[PDB]
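A.B. asks: sequence, then the experimental structure. Questions to follow.
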Amino acid sequence: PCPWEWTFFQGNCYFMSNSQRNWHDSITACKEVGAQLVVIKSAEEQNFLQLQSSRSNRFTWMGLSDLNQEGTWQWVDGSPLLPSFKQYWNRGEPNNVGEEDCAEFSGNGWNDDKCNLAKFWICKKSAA
Amino acid sequence: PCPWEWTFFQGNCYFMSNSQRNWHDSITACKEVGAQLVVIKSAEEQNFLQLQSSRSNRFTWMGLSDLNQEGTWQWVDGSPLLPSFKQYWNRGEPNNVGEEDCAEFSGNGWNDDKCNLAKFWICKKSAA
Amino acid sequence: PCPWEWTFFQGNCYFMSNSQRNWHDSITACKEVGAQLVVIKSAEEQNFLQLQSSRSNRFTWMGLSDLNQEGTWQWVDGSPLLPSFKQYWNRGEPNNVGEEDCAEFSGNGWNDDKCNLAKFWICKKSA
Amino acid sequence: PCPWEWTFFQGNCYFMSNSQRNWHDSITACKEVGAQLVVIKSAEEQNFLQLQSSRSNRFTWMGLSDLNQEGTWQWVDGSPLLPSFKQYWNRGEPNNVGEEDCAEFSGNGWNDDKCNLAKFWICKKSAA
Amino acid sequence: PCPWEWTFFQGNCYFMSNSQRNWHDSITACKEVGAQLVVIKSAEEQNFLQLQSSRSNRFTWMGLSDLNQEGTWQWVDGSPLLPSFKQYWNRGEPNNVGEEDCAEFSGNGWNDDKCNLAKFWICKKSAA
Amino acid sequence: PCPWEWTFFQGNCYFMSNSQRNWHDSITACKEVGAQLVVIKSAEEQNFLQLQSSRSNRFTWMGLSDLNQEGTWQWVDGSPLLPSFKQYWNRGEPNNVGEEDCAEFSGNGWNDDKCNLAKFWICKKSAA
Amino acid sequence: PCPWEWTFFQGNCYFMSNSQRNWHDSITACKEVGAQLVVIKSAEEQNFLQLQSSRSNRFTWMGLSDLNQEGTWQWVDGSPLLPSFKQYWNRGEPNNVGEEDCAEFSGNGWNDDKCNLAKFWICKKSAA
Amino acid sequence: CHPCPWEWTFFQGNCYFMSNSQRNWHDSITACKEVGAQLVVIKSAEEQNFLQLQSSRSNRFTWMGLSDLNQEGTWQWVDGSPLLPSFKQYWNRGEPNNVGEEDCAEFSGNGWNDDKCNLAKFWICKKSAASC
Amino acid sequence: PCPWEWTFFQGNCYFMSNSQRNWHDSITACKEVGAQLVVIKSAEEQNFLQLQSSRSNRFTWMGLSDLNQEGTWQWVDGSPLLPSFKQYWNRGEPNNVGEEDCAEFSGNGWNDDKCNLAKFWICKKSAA
Amino acid sequence: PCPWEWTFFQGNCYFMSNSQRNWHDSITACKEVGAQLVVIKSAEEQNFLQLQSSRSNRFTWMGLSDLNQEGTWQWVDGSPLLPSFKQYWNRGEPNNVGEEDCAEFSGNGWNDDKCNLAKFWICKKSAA
Ligand SMILES: CC(=O)N[C@H]1[C@H](O[C@@H]2[C@@H](OC[C@H]3O[C@H](O)[C@@H](O)[C@@H](O[C@H]4O[C@H](CO)[C@@H](O)[C@H](O)[C@@H]4O[C@@H]4O[C@H](CO)[C@@H](O)[C@H](O)[C@H]4NC(C)=O)[C@@H]3O)O[C@H](CO)[C@@H](O)[C@@H]2O)O[C@H](CO)[C@@H](O)[C@@H]1O
Ligand SMILES: CC(=O)N[C@H]1[C@H](O[C@@H]2[C@@H](OC[C@H]3O[C@H](O)[C@@H](O)[C@@H](O[C@H]4O[C@H](CO)[C@@H](O)[C@H](O)[C@@H]4O[C@@H]4O[C@H](CO)[C@@H](O)[C@H](O)[C@H]4NC(C)=O)[C@@H]3O)O[C@H](CO)[C@@H](O)[C@@H]2O)O[C@H](CO)[C@@H](O)[C@@H]1O
Ligand SMILES: CC(=O)N[C@H]1[C@H](O[C@@H]2[C@@H](OC[C@H]3O[C@H](O)[C@@H](O)[C@@H](O[C@H]4O[C@H](CO)[C@@H](O)[C@H](O)[C@@H]4O[C@@H]4O[C@H](CO)[C@@H](O)[C@H](O)[C@H]4NC(C)=O)[C@@H]3O)O[C@H](CO)[C@@H](O)[C@@H]2O)O[C@H](CO)[C@@H](O)[C@@H]1O
Ligand SMILES: CC(=O)N[C@H]1[C@H](O[C@@H]2[C@@H](OC[C@H]3O[C@H](O)[C@@H](O)[C@@H](O[C@H]4O[C@H](CO)[C@@H](O)[C@H](O)[C@@H]4O[C@@H]4O[C@H](CO)[C@@H](O)[C@H](O)[C@H]4NC(C)=O)[C@@H]3O)O[C@H](CO)[C@@H](O)[C@@H]2O)O[C@H](CO)[C@@H](O)[C@@H]1O
Ligand SMILES: CC(=O)N[C@H]1[C@H](O[C@@H]2[C@@H](OC[C@H]3O[C@H](O)[C@@H](O)[C@@H](O[C@H]4O[C@H](CO)[C@@H](O)[C@H](O)[C@@H]4O[C@@H]4O[C@H](CO)[C@@H](O)[C@H](O)[C@H]4NC(C)=O)[C@@H]3O)O[C@H](CO)[C@@H](O)[C@@H]2O)O[C@H](CO)[C@@H](O)[C@@H]1O
Ligand SMILES: [Ca+2]
Ligand SMILES: [Ca+2]
Ligand SMILES: [Ca+2]
Ligand SMILES: [Ca+2]
Ligand SMILES: [Ca+2]
Ligand SMILES: [Ca+2]
Ligand SMILES: [Ca+2]
Ligand SMILES: [Ca+2]
Ligand SMILES: [Ca+2]
Ligand SMILES: [Ca+2]
Ligand SMILES: [Ca+2]
Ligand SMILES: [Ca+2]
Ligand SMILES: [Ca+2]
Ligand SMILES: [Ca+2]
Ligand SMILES: [Ca+2]
Ligand SMILES: [Ca+2]
Ligand SMILES: [Ca+2]
Ligand SMILES: [Ca+2]
Ligand SMILES: [Ca+2]
Ligand SMILES: [Ca+2]
Ligand SMILES: [Ca+2]
Ligand SMILES: [Ca+2]
Ligand SMILES: [Ca+2]
Ligand SMILES: [Ca+2]
Ligand SMILES: [Ca+2]
Ligand SMILES: [Ca+2]
Ligand SMILES: [Ca+2]
Ligand SMILES: [Ca+2]
Ligand SMILES: [Ca+2]
Ligand SMILES: [Ca+2]
């Protein structure tokens, strides 16, 4: 079903890292094992993820950014951020303070931060 | 050198679990991948391990216990607890309050706790 | 992918100086081309860089120091030195003999040395 | 032969201050009377000077430093420190502990210390 | 103000000798440069001087003796020992043991000692 | 006069090892052939030995330590380290960094290091 | 209130030894009378001790060390060194020159010296 | 001789008080005035090292007498003195960012952070030691 | 009503310390201010107190112990431990593990611990 | 054999005070521990005691005075002072200057000083 020590959720497998890497570095790592920097597809999936971070209080990268075009948030799979996800941003976010182009789970919601900072991350890939 | 996302350290590879299991279920968990509930061999390893645990703010099992003979602490690989390690016990520990036969990393040093408790754990195995 | 004559490794481009500068002037220099005195983020990157220095038979500065607080090493970007990386110090280091607050690649590992010395250096910057 | 209260020794005059100034300030204080922070030119001079300090147990500055080039000790008159003077350093000196660039008479030999500290000093100049 | 390396205090310059001489050679010494073996006036001057020597860990002569009249103490110039000053003698002085007719600074107070002994001295003179 | 491939110098035979052992092992190793971890008795000897080390730039053990009394360097034959040998320590040595109680030829002089570290060594015995 | 000859100070009794022992032996010594190598816990107390030591002109051990982790000072009762207490180190201390892992009252402040040295010591324990 | 009042901390000629209650920046300033003290104005690196650690070990965010209230971007101590360039290294990474308008300084972990002045936080009072 | 920075609660003034001392050093501390190391008299008081420590998550001393008579817990004011309060100990407490004769607030309840350990403390006294 | 921190020397145990008491008060102090202010009975003993006061440079009382009969020295136990010992007085002692009727170890020998002065002291008694 899911690789050793990965967590199963609705037909998908997730891996909450223990190391901290910058955003692009997080991507090549999920790459190595055939997974993707978690792209959130549904409210249910988001609650589950947000809880994985919330419960351990770790800042975690997700596969969402506005690197290509400031203000225009897009998932690593290319799908644009849906208006129905705005609610997930923490108050005042995304504020792009000092140029923040990457989304992370922070507190009970999301925050945009500098993509060069080292954070925990989550990989995702289809279950067996 | 090491399996994906394991930490390489002085000839060995270490894995910090994301899940929490009681002591015994951890032992069997490490076997599933040809590893073992961490057994500390050197002072240098203790410093490394203790710090990683402390940094992660997580209580973590180590492959040590006095289950077989109260007061007598023995590693899972058989080797006995040397006197040069007794120093790593937290102040007052081991206390066996409520009958604690398994060892964990607690803050600055070691602590004995109930084996039935689910905690994070660490697997160890030699590098390639 | 990488500026002219820079090496490309796991998403980043490293530059091995041919000049020798003191630790500080080695930082100001990577700042002249939007680069940073190499900060080792992973073990594989450490192995790569160690090999680079070792085979060139050169003593080279990395972006690490304990100038701010003796005995507490920090990378030039603020990040702290992880517990696992301490295995890279050469046997006996860091010893601070003669007051050493800057790190370098020496043989198979790291060594603290006087920051006033001119050594080779390595810049780093994302692809 | 020597200014009132100065001391004579081998065609030269020496002034042992009763006040304590930092290294650089000791240097200017000597020029004020056309003298130079003691630059040692011979073994006998060293014995004599070292003895002017041991008798009173006073840590005293001399015209020697490595301020310009760490580890490169040179006298104020610009001449380099001779390998034959290596023997005067106290055991373990110079050790630049916390950055020490100025030499002083300490105990039976020399020690390097912080140039900004106040110490006694000795001026030297030719006798009439 | 004061000459090169002479300490200043209440409109007067004081010189702490680097050499030791007997009481008489000391007076003559101060006269060489038209000065006098320090004669105290105030109580601060005393506190000042007593400190100047207590610090330098040196027994120092002063212009006070009972040479011309055992039991009767007069200053080099002519003034006499005042009842207020008599509190400055250390516990149990002057004792005149072995015939002591000259006063020196000793620890926190004064002591009478043999005038033939070579000790450090202090000259005094008019400021600017 | 001397064994095969040993060096002769002023009535003595010297053997530069090929292996690297800790300090005590080097000691026991020299006895197995009736020699001794080199104890230096004269300046000429010291220059001869230092050269045998400088040539190939190899760190080498000598029968000298301060294991018994820190700061008190003693040769293994029992004789104390004469003050006239002080000049042989490299600059800043002996510094006991991390507790170094064994002496080795290092570069152009001597240095103290950890006795548990394996290095080359030299044996001494009189000629035939 | 206090055993014979011990000194009372703010609820506790202190014993200044007349004998000199190395750090460790000093620790055991205090234990034989149910006391402990003085662990300072207040500015007023630090002043009390620094004075006794200073005035008695004796270098004295206190129950403080960085033997466990270089650069990290800890009292023998396991407690850590408070931030405000770093002001008590003599200028330039701690320097660890020659490898110094034990604290001693030295003059106006504290200095780290080699634990193998014999020095005087101070025991502490509560009054009655 | 008690260089400092009961339960106050003596450090290099001064007395310090780590509060147990939380107050907005202004209420803290006034609070220290009650006992003849002042919201901690830092004068040296060592004082800074001392205070930063006290704050960290206590796991509490704590106000210091510094702000850019009167002039955004320009920081000043409550005693009129300006923020010397040598103290800029003390700001945490990315700070002061002024997010949501922040004009008051606090001890946050390893360094300094600007936060909203109305927030209730612990604070530290300072004043010189007694005559003795 | 209450002293500066002290907390008011139904006719009583309480002081939460930021310093940590052993049980006795705390008693003598509340004495310096005519205060008493807190003695609970009511349940509303207890709930209010447990909260102080509960929120700041701090181990805190109280004037309660079984020092005089192991097993017999008596407040510092003399009063006994009403069978009513008993409900406050945490499961398994007091276990007197390794001889614990002092009470402190721990988590949601109480626990006995070693009187020699340094914890935060609370003073108390009637409001003027 | 000897009390804690007491020195053993041929059958007896001696104590060196850290406190300074007048001669009488020094007598009552030794009685309190069933001891007597050191009364020398042999040469060796004396040689050993002089060193004790010689190292520390402390003026130390001994059980010897000529109070009841000026010029006639007797030990506190009664046994009059023998001649052999009289070779221990320092030059010019006893000089009964200002009327001194108590012996003290001073420098390399003995001296008579005022009994009302506070000085260090030694107690004595056999072992077991
Ligand atoms: C501030 C800090 O260093 N934080 C670190 C943290 O450090 C540890 C942490 O421990 C807090 C408590 O965590 C759990 O509740 C327990 O481990 C508890 O210990 C007691 O209870 C366990 C059972 O749950 C016993 O096994 C253990 O021996 C101990 O027993 C109690 O002992 C006392 C005194 O001897 C006795 O009187 C009690 O009766 C007894 N209690 C019971 C139930 O029998 C911990 O107290 O904080 C401590 C400082 O306050 C540290 O010393 C701990 O090491 O560690 C994490 C993870 O490493 C780190 O992220 C954090 O920074
Ligand atoms: C054999 C090999 O792999 N060759 C590699 C080479 O490897 C390194 C090389 O180092 C030789 C010496 O090079 C310089 O002189 C120094 O780095 C020196 O180190 C000492 O001195 C510096 C200061 O100059 C200190 O920072 C350093 O800590 C060390 O100090 C000494 O430390 C000991 C404790 O062990 C102490 O006892 C001494 O008192 C203290 N001395 C002083 C003056 O304070 C080097 O030793 O060879 C070593 C093996 O012999 C290797 O371990 C080194 O890694 O590296 C180059 C560059 O990559 C490569 O070209 C070559 O092939
Ligand atoms: C501790 C301190 O403050 N250190 C100060 C230091 O303090 C003084 C120091 O003096 C110690 C001895 O120094 C010399 O040896 C003498 O001054 C000696 O005094 C005796 O001998 C001289 C003769 O040279 C006499 O002039 C003097 O009166 C005394 O005679 C003796 O008097 C007693 C009466 O009580 C009588 O019983 C004896 O028979 C007689 N003996 C002789 C030889 O005649 C000093 O004792 O330490 C003392 C404490 O032990 C202090 O009290 C002294 O002030 O002073 C220096 C100088 O400034 C300072 O730097 C240092 O810090
Ligand atoms: C006037 C006064 O204060 N008198 C006090 C006296 O004060 C102290 C005294 O110290 C003198 C020396 O005493 C010992 O020899 C040592 O403590 C020495 O310190 C150096 O060496 C030790 C190791 O032996 C080191 O631990 C120490 O850090 C220091 O190391 C040297 O440090 C310098 C940098 O500062 C460095 O350049 C050297 O390389 C290094 N030396 C070595 C070998 O590594 C003392 O200096 O006098 C000093 C006057 O300046 C005071 O500052 C001292 O506090 O204390 C006594 C006892 O309480 C008191 O009675 C007296 O009144
Ligand atoms: C792990 C550790 O060191 N623990 C220390 C702890 O360290 C500090 C702690 O901070 C956690 C968060 O605490 C508060 O929520 C805030 O201070 C928050 O900072 C953000 O929010 C405040 C306002 O709420 C802003 O003023 C501040 O600038 C920051 O803003 C955010 O900034 C990012 C850019 O970096 C931007 O993208 C966001 O949009 C923006 N958010 C908002 C709401 O505007 C803290 O993050 O842990 C941090 C490490 O994760 C440390 O850096 C902190 O120093 O400190 C305590 C107390 O000293 C200590 O006990 C503990 O050991
Ligand atoms: Ca952008
Ligand atoms: Ca952006
Ligand atoms: Ca943001
Ligand atoms: Ca059991
Ligand atoms: Ca058990
Ligand atoms: Ca336990
Ligand atoms: Ca440094
Ligand atoms: Ca350093
Ligand atoms: Ca080094
Ligand atoms: Ca320098
Ligand atoms: Ca230098
Ligand atoms: Ca030095
Ligand atoms: Ca006369
Ligand atoms: Ca006279
Ligand atoms: Ca006299
Ligand atoms: Ca040693
Ligand atoms: Ca050594
Ligand atoms: Ca060395
Ligand atoms: Ca050490
Ligand atoms: Ca140390
Ligand atoms: Ca030191
Ligand atoms: Ca603003
Ligand atoms: Ca602002
Ligand atoms: Ca901020
Ligand atoms: Ca009990
Ligand atoms: Ca109990
Ligand atoms: Ca308990
Ligand atoms: Ca008489
Ligand atoms: Ca008499
Ligand atoms: Ca006398």
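C.D. replies: Right, received. Where do you want to start? Numbers count the residues shown, from 1 in each chain, chains lettered A, B, ... in the order given. Ligands and ions are numbered 1, 2, ... in the order given.
A.B. asks: for the residue in chain A positioned nearest to chain D, give me its contacts.
C.D. replies: Residue of chain A nearest chain D, by CB to the nearest CB: residue A:118 (32.6 Å). C-beta: built from backbone N, CA, C; applies to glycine. Going by CB atoms under 8 Å, 6 or more residues apart in numbering or on different chains, residue A:118 touches A:20-22, A:25, C:41, C:79.
A.B. asks: could you do residue A:20 as well?
C.D. replies: Taking CB under 8 Å, 6+ apart, we find residue A:20 in contact with A:118-121.
A.B. asks: and ligand 8, which of these contact it?
C.D. replies: Filtering the contacts of residue A:20 for proximity to ligand 8 by CB under 5 Å from the ion leaves nothing.
A.B. asks: so which of those wins on neighbours?
C.D. replies: In terms of neighbour count, residue A:121 stands highest of the contacts of residue A:20 at 28 neighbours, by other CB atoms under 10 Å in any protein chain shown.
A.B. asks: which strand residues bridge that one?
C.D. replies: Beta-bridge partners for residue A:121, by DSSP bridges, are residue A:61.
A.B. asks: gap between the longest helix along chain A and the chain center?
C.D. replies: Ranked by residue count and defined by DSSP state H, the top helix of chain A is helix A:43-54. How far helix A:43-54 lies from its chain's middle: 10 Å, per CA atoms, centre = their mean, to the nearest Å.
A.B. asks: can you give the contact residues for that helix?
C.D. replies: Defining contact as CB under 8 Å, 6+ apart, one finds that helix A:43-54 is touched by A:7, A:9-10, A:12, A:14, A:16, A:38, A:40, A:59-60, A:62, A:84-85, A:88, A:105-109, A:120, A:122.
A.B. asks: how far out from the middle of the chain is stretch A:33-42?
C.D. replies: Chain-centre distance of stretch A:33-42: 8 Å, with CA atoms, centre = their mean.
A.B. asks: buried residues in it?
C.D. replies: Of all the residues in stretch A:33-42, those buried under the rule 16 or more other CB atoms under 10 Å in any protein chain shown are A:35-40.
A.B. asks: hang on, residue A:11 packs against residue A:128?
C.D. replies: No - Residue A:11 lies out of contact with residue A:128 (CB atoms under 8 Å); the separation is 10.0 Å.
A.B. asks: what pairs with residue A:65 across the strands?
C.D. replies: With DSSP bridges applied, residue A:65 shows beta-bridge pairing to residue A:74, residue A:102.
A.B. asks: how many other residues sit next to it?
C.D. replies: Other residues lying near residue A:65 total 22 when counted by other CB under 10 Å.
A.B. asks: so what's it up against?
C.D. replies: By CB under 8 Å, 6+ apart, the residues touching residue A:65 are A:23, A:73-74, A:76, A:101-103, A:115.
A.B. asks: next up, the contacts around the nearest residue to residue A:68 once chain neighbours are set aside.
C.D. replies: Leaving out its chain neighbours, the residue that sits closest to residue A:68 by CB to CB, 6 or more residues apart in numbering or on different chains is residue A:74, at 6.5 Å. Neighbour list for residue A:74: A:64-66, A:68, A:80-81 [criterion: CB under 8 Å, 6+ apart].
A.B. asks: quick check, the residue in chain A closest to chain J?
C.D. replies: residue A:57 (53.7 Å).
A.B. asks: any idea which helix or strand carries residue A:27?
C.D. replies: Here residue A:27, judged by DSSP states H and E, is contained in helix A:23-32.
A.B. asks: any residue of that helix up close to chain H?
C.D. replies: No - Helix A:23-32 stays clear of chain H (CB under 8 Å from any CB of the partner chain), getting no nearer than 16.0 Å.
A.B. asks: quick one, phi/psi of the residue of chain A closest to chain J?
C.D. replies: Per-residue torsions, residue A:57: phi 50, psi 50 (degrees, to the nearest 10).
A.B. asks: which residues touch it?
C.D. replies: Counting by CB under 8 Å, 6+ apart, residue A:57 touches residue B:57.
A.B. asks: and the gap between it and ligand 7?
C.D. replies: Distance, residue A:57 to ligand 7, using CB to the ion, to the nearest Å: 24 Å.
A.B. asks: swap in residue A:70?
C.D. replies: Taken as CB to the ion, the span from residue A:70 to ligand 7 is 5 Å.
A.B. asks: so for that residue, what's the nearest residue that isn't a sequence neighbour?
C.D. replies: residue A:96 (6.9 Å).
A.B. asks: from ligand 6, how far out is the residue of chain A closest to chain D?
C.D. replies: Distance of residue A:118 to ligand 6, computed by CB to the ion: 19 Å.
A.B. asks: could you do residue A:104 as well?
C.D. replies: 15 Å.
A.B. asks: which strands or helices does the next helix or strand after the helix holding residue A:27 pack on?
C.D. replies: Sequence-wise, the next helix or strand downstream of helix A:23-32 (DSSP H and E) is strand A:36-37. Packing partners of strand A:36-37 (3 or more CB pairs under 8 Å, 6 or more residues apart in numbering or on different chains; DSSP states H and E): helix A:23-32, strand A:60-65, strand A:120-126.
A.B. asks: stretch A:56-73: which residues count as buried?
C.D. replies: Buried residues in stretch A:56-73, counted by 16+ other CB under 10 Å: A:58-66, A:73.
A.B. asks: same check on stretch A:85-100?
C.D. replies: Of the residues in stretch A:85-100, A:85, A:88-89, A:93-94, A:97, A:100 count as buried by neighbour count, 16+ other CB under 10 Å.
A.B. asks: next: stretch A:23-31.
C.D. replies: Neighbour count says stretch A:23-31 has A:23-27, A:29-30 buried, by 16+ other CB under 10 Å.
A.B. asks: is that stretch positioned near ligand 7?
C.D. replies: No - judged by CB under 5 Å from the ion, stretch A:23-31 stays clear of ligand 7, getting no closer than 11.9 Å.
A.B. asks: would you mind writing the CA trace of the longest helix of chain A as CSV?
C.D. replies: Provided in CSV are the C-alpha atoms of helix A:43-54 (Å, rounded to 0.1, in the frame of the first residue of the first chain):
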residue,chain,number,x,y,z
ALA,A,43,-10.7,20.4,2.0
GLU,A,44,-10.5,17.0,3.7
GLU,A,45,-6.9,16.5,2.5
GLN,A,46,-6.0,20.0,3.8
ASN,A,47,-7.5,19.3,7.3
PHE,A,48,-5.5,16.1,7.5
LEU,A,49,-2.3,17.9,6.4
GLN,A,50,-2.7,21.0,8.5
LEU,A,51,-3.2,18.7,11.5
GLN,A,52,0.0,16.8,10.7
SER,A,53,1.9,20.1,11.1
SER,A,54,-0.3,21.6,13.8
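A.B. asks: buried sites along it?
C.D. replies: A:45-46, A:48-50, A:52-54.
A.B. asks: which two among those residues are spaced furthest apart?
C.D. replies: Farthest pair in the buried residues of helix A:43-54 (CB to CB) is A:45 and A:54. Separation: 14.5 Å.
A.B. asks: can you lay out the helices and strands packed on strand A:36-37 as CSV showing distance to ligand 11?
C.D. replies: Shown next, in CSV, are the helices and strands packed on strand A:36-37 (distance: least, CB to the ion, whole Å):
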stretch, distance to ligand 11
helix A:23-32, 37
strand A:60-65, 32
strand A:120-126, 29
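A.B. asks: same for ligand 27: which of the contacts of residue A:74 are within range?
C.D. replies: Of these, not one also sits near ligand 27 (CB under 5 Å from the ion).
A.B. asks: between these, which is nearest ligand 15?
C.D. replies: residue A:65 (46.8 Å; CB to the ion).
A.B. asks: how close does the closest one sit to ligand 16?
C.D. replies: Distance, residue A:65 to ligand 16, by CB to the ion: 50 Å.
A.B. asks: same check on residue A:96?
C.D. replies: Residue A:96 is 48 Å from ligand 16, by CB to the ion.
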